[PDB]
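Notes follow the structure.
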Ligand SMILES: COc1cc(COc2cc(C(=O)O)ccc2-c2nn(C(=O)c3c(Cl)cccc3C(F)(F)F)c3ccc(Cl)cc23)cc(OC)c1
Ligand SMILES: COc1cc(COc2cc(C(=O)O)ccc2-c2nn(C(=O)c3c(Cl)cccc3C(F)(F)F)c3ccc(Cl)cc23)cc(OC)c1
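Residue numbers (the entry's author numbering), protein chains in the order written: chain B, 234 to 268, 273 to 295, 304 to 489, 493 to 503; chain A, 234 to 290, 303 to 491, 493 to 502.
Here you go:
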């Protein structure tokens with residue numbers, strides 16, 4: 234509705250995003266730009286890194310892969326809590342709430358991973374570690390090709406130069422997608438997303454006055470996310486199908 | 234912890250329990266206590282009705310036993326999804342997550358099995374069926390003694406008259422037990438349980454105001470289940486020594 238109302242909606246989402254996510258993009262950027274993390278750049282520094290920082294995840306490539314999984318499962322919970330703060334979400338049909346989270350979390354994880362990345366690597370363990378891109382890119386069998394597309398996405402995504410207040414609204418828009426399979430009541434979902442989209446458009450105008458058609462460009466990225474997530478789940482399928493784990497542990501990571 | 238925060242924890246757990254478990258106690262009671270033309274189960278009380286039931290919905306004792314196992318495996322899956330929603334669980338050491346599930350799932354299954362039960366039998370196939378206590382109690386060799394202790398517990402547990410919003414918190418409390426064998430970091434688990442216990446205590450006072458010392462009574466039940474689970478695995482052990490030709495990989499790993 235009114236501009237005052239969209240601004241209030243943007244502020245509400247920002248305040249909630251700050252409480253929901255441990256490491257903001259602003260904090261990550263301060264770290265990546267040297268403005273201090275333990276650096277993992279090869280096999281020996283990896284072994285020291287587990288010695289040094291307290292990894293809760295514990304072949305080298307598998308351990309790293311298991312580390313991605315562990316953090317993603319935490320991210321899913323963090324995003325799930327975030328969604329409850331999106332005005333109207335908790336009033337949706339419970340099955341639709343589940344459906345929106347089920348298909349949304351992977352796109353949001355990918356999006357938010359870009360905040361922890363630059364062209365040279367990725368922050369881990371709330372910023373205590375930094376794993377270099379070239380070291381990840383050089384892992385064996387399929388694992389190297391599993392890590393690198395995330396960086397290829399993140400470098401393009403980061404050229405938009407979004408900040409946390411932009412991302413708080415963007416994340417909400419992805420959750421409130423009325424085309425997820427199996428939704429029971431599309432209408433209030435699109436009505437919410439319509440509101441979030443108005444708030445994002447106003448947010449990008451005020452926060453990036455010089456950035457022409459940034460709204461449109463961000464929407465284009467949101468579409469990309471669908472196919473890159475689909476290729477991700479396909480690679481996830483094969484790595485799980487070949488490189489075997494306890495049944496209880498496998499059940500934790502089934503989703 | 235502040236009341237508003239404990240109430241918020243109760244709503245989060247209740248909402249997540251509804252999302253993770255397809256047949257709630259509220260639905261089970263609606264089916265069992267009827268009033269219904271649409272929710273009424275087909276009743277299995279003997280061999281003939283069993284054979285008709287398969288039409289409607303490998304000695305009987307084995308078929309029934311494998312039917313439990315399949316369902317118990319699904320329950321494990323449901324319980325694992327539930328646990329991931331308990332605030333703080335997925336942030337624990339991965340080995341401890343596995344350990345909490347390994348020792349927790351059986352106690353929760355029995356707990357939730359009570360919801361599908363009355364003194365006369367148990368709902369099956371998401372409530373389409375109802376198998377009588379006496380028919381199970383009469384199965385052969387050890388299988389007859391295998392079903393009956395579930396009923397003995399359930400009759401005592403159901404007298405507490407808990408509803409699903411209570412059970413959601415109770416179930417979480419069970420998972421977050423810092424005394425499971427082999428845990429590496431007891432303290433953060435105990436810290437989660439402290440909050441869950443505070444939340445259970447407020448939930449039970451508000452939701453059962455006239456039910457004196459229900460918190461204490463509910464905790465006493467949580468201890469029993471530990472031995473009731475032991476009697477189950479001790480029975481299970483013998484079946485393995487007897488029925489050499491028969493467990494799901496998930497159930498196999500949970501045991502030992
Ligand atoms: C402790 O040890 C570590 C820790 C990490 C940290 O990673 C991440 C951190 C965050 C965060 O904090 O917000 C978010 C996503 C990742 C990550 N996920 N991932 C997947 O594959 C993935 C994705 Cl995108 C989406 C859904 C599911 C999955 C998964 F389930 F299948 F995992 C990555 C692949 C490559 C990279 Cl570089 C990062 C991620 C990374 C690490 O090694 C690189 C080791
Ligand atoms: C479709 O066909 C059916 C279906 C059932 C349905 O049962 C159950 C349903 C549920 C549920 O839906 O949440 C939960 C537990 C049981 C059940 N398990 N069980 C075991 O023994 C057992 C247990 Cl507890 C734990 C681990 C492993 C096992 C097992 F692997 F070793 F089995 C029971 C023993 C007696 C009773 Cl009465 C119920 C259960 C029951 C049925 O016959 C009774 C036939």
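Where is the CB? At the ideal position from N, CA and C, for every residue including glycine.
At a beta-carbon threshold of 9 Å, the residues of chain B lying near residue 337(A) are 293, ordered along the chain. Here residue 330(A) has 249 as same chain residues with Cβ atoms under 6 Å from its own Cβ, once five neighbours each way along the sequence are excluded.
Counting only Cβ-Cβ distances below 9 Å, residue 343(A) has contacts in chain B at 494, 496, 497 and 500, in chain order. The C-beta of residue 309(A) comes no closer than 8 Å to any C-beta of chain B. Exposure of residue 491(A) is indicated by the presence of fewer than 16 other C-beta atoms within 10 angstroms of its C-beta. Around residue 381(B), the same chain offers 392 as residues with beta carbons nearer than 6 Å, after the five sequence neighbours per side are excluded.
The Cβ atoms of residue 395(A) and residue 358(A) lie closer than 8 Å to each other. In this structure, the straight-line span from the alpha carbon of residue 372(A) to that of residue 247(B) is close to 45 Å. Assignment of residue 286(A) by DSSP, reduced to helix, strand and coil, places it in the helix class.
If you measure from each CB to the nearest heavy atom of ligand 1, the residues under 6 Å come out as 292(B), 294(B), 309(B), 312(B), 313(B), 314(B), 316(B), 317(B), 320(B), 351(B), 354(B), 355(B), 357(B), 358(B), 361(B), 367(B), 369(B), 370(B), 376(B), 381(B), 392(B), 395(B) and 481(B).
Residue 451(B) is positioned such that its CB atom lies no closer than 8 Å to that of residue 418(B). Using a cutoff of 7 Å, the CB of residue 497(A) counts as near ligand 2, since one of the ligand's heavy atoms is closer than that.
A straight-line Cα-Cα distance of about 44 Å links residue 254(B) and residue 476(A). For the pair residue 456(B) and residue 307(B), the Cα-to-Cα distance works out to about 42 Å. Taking a Cβ-Cβ cut-off of 8 Å, the neighbours of residue 322(B) in chain A comprise 329, 330, 332 and 335, given in sequence order. The shortest CA-to-CA distance from residue 350(A) to any of 467(A), 486(A) and 484(A) is the one to 467(A). The alpha-carbon separation between residue 333(B) and residue 440(B) amounts to approximately 11 Å. Contact annotation for residue 346(A) against chain B: 496 [CB-CB distance below 7 Å, chain order]. In this structure, DSSP gives residue 277(B) an extended state, which the three-state scheme calls strand. At a cut-off of 8 Å between C-beta atoms, residue 486(A) does not count as an interface residue with respect to chain B. Residue 236(A) has its alpha-carbon roughly 19 Å from the corresponding atom of residue 459(A). Look at the beta carbons and you see the stretch 480–489 of chain B not touching the stretch 425–436 of chain B: under three pairs across the two are nearer than 8 Å.
In this structure, residue 314(B) places its C-beta atom within 8 Å of the C-beta atom of residue 501(B).
Interface with chain B (8 Å Cβ-Cβ cutoff): residue 277(A) is excluded.
Secondary structure of residue 430(A) (DSSP, three-state): coil. For a cut-off of 8 Å, the C-beta gap from residue 328(B) to residue 339(B) is around 13 Å, too long to register as a contact. 8 Å or more divides the Cβ of residue 375(B) from the Cβ of residue 310(B).
For the pair residue 428(B) and residue 344(B), the CB atoms are nearer than the 8 Å cut-off.
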